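Peer 1: First the structure, which I've put down as structure tokens, then a few questions once you've had a look.
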Amino acid sequence: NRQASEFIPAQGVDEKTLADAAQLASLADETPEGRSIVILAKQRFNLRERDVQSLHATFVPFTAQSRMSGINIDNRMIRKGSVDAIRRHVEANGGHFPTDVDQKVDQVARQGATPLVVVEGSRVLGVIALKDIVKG
């Protein structure tokens with residue numbers, strides 16, 4: 001029961017850029033956070049959505065084996081996963097993640113938030129830090 005609250009760009013990408021890919025990687029997530037992140041992009045920086053139907057792209061539902069999910073489309077190939085899953089995915093792409101942001105992911109954990117990392121191509125475009133919310 002966690003909702004995205006703020007996200008920081010990986011080095012080389014603007015945070016709004018991170019939010020847009022944060023969305024398309026999170027379209028097909030069936031996790032409660034999957035909706036929180038797509039709303040995090042709109043409220044925080046940019047009310048924006050996905051564009052698979054215009055490019056004929058494919059959604060990749062989240063799997064627990066990799067603990068991550070994402071989307072492939074004509075113009076983008078982005079994923080969002082736990083920092084452990086995504087970081088392995090960047091090196092497997094042959095790409096690299098920004099340590100300053102992997103550290104910011106670590107800071108989201110110490111505050112009790114869940115750092116999801118989203119990548120585009122083989123690199124990370126930023127982390128989405130999700131925070132816990134109180135009901136009633």
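Ligands are numbered from 1 in the order shown, residues from 1 within each chain, and chains are lettered A, B, ... in the order they appear in the structure tokens.
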What are the DSSP strand (DSSP E) residues of chain A, as a CSV table (one decimal) with C-alpha atoms, in the first residue's frame?
Peer 2:
```
chain,number,residue,atom,x,y,z
A,2,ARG,CA,2.5,2.7,-1.1
A,3,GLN,CA,2.1,5.6,-3.5
A,4,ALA,CA,4.7,7.4,-5.6
A,5,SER,CA,5.5,10.8,-4.0
A,6,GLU,CA,8.6,12.2,-5.8
A,7,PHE,CA,11.2,11.0,-8.3
A,8,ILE,CA,14.8,12.2,-9.1
A,9,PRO,CA,16.5,11.9,-12.5
A,58,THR,CA,3.9,-3.6,-26.3
A,59,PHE,CA,3.3,-3.5,-22.5
A,60,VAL,CA,5.3,-5.8,-20.2
A,61,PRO,CA,3.3,-6.7,-17.1
A,62,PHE,CA,5.2,-6.8,-13.8
A,63,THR,CA,6.6,-10.2,-12.9
A,68,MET,CA,9.9,-5.3,-12.2
A,69,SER,CA,7.8,-4.3,-15.2
A,70,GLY,CA,8.1,-1.9,-18.2
A,71,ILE,CA,7.1,-1.2,-21.8
A,72,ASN,CA,8.6,-1.3,-25.3
A,73,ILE,CA,7.5,1.1,-28.0
A,76,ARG,CA,11.2,4.1,-26.4
A,77,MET,CA,12.3,1.0,-24.5
A,78,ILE,CA,11.8,1.8,-20.8
A,79,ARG,CA,11.5,-0.4,-17.7
A,80,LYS,CA,10.8,0.2,-14.0
A,81,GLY,CA,11.8,-2.2,-11.3
A,82,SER,CA,13.4,-2.5,-7.8
A,114,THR,CA,10.4,2.5,-2.1
A,115,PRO,CA,12.9,3.6,-4.8
A,116,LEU,CA,11.8,2.2,-8.1
A,117,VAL,CA,14.4,2.8,-10.8
A,118,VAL,CA,13.3,3.5,-14.4
A,119,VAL,CA,15.6,3.2,-17.4
A,120,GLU,CA,15.3,4.2,-21.0
A,123,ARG,CA,20.7,3.6,-18.9
A,124,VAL,CA,18.7,4.8,-16.0
A,125,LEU,CA,16.5,7.9,-16.5
A,126,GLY,CA,15.7,8.3,-12.8
A,127,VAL,CA,14.3,6.7,-9.6
A,128,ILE,CA,10.7,7.0,-8.5
A,129,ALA,CA,10.7,7.2,-4.7
A,130,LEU,CA,7.3,6.0,-3.3
A,131,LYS,CA,6.3,6.9,0.3
A,132,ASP,CA,3.9,5.3,2.7
```
Peer 1: Taking the chain letters and numbering used in this document, name the residues of chain A that DSSP puts in helix (DSSP H, G or I), as a ChimeraX atom specification.
Peer 2: /A:15-24,32-44,52-55,83-93,99-110
Peer 1: Separation of CA of residue 98 in chain A and CA of residue 39 in chain A, in Å?
Peer 2: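 Between CA of residue 98 in chain A and CA of residue 39 in chain A the gap is 24.6 Å.
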Peer 1: Give me, as a list in words, all polymer residues having an atom no more than 10 Å from residue 66 in chain A, counting only C-alpha atoms and skipping those fewer than 5 positions away in the same chain.
Peer 2: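 The neighbour list is residues 81, 82, 84, 85, 86, 88 and 89 of chain A.
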Peer 1: Restricting the calculation to only C-alpha atoms, which member of A:1, A:48, A:136, A:10 is positioned closest to residue 100 in chain A?
Peer 2: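 Looking at the shortest contact to residue 100 in chain A, the residue is A:10.
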Peer 1: I'd like the neighbourhood of residue 45 in chain A as a ChimeraX atom specification, where a residue qualifies if any of its atoms comes within 8 Å (using only C-alpha atoms), though same-chain residues fewer than 3 positions away should be ignored.
Peer 2: /A:16,19,40-42
Peer 1: Give me a file of those residues, with C-alpha atoms, as a compact mmCIF listing (two decimals), in the first residue's frame.
Peer 2:
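Dumped everything to out_16.txt:
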```txt
# COMPACT_ATOMS: atom_id res chain seq x y z
CA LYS A 16 10.15 15.27 -16.06
CA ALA A 19 8.34 10.94 -15.01
CA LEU A 40 3.01 10.77 -9.66
CA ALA A 41 4.13 11.86 -13.15
CA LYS A 42 0.97 13.88 -13.79
```
Peer 1: Between CA of residue 106 in chain A and CA of residue 13 in chain A, what distance in Å does the model show, to one decimal?
Peer 2: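 Distance reported for this atom pair: 19.0 Å.
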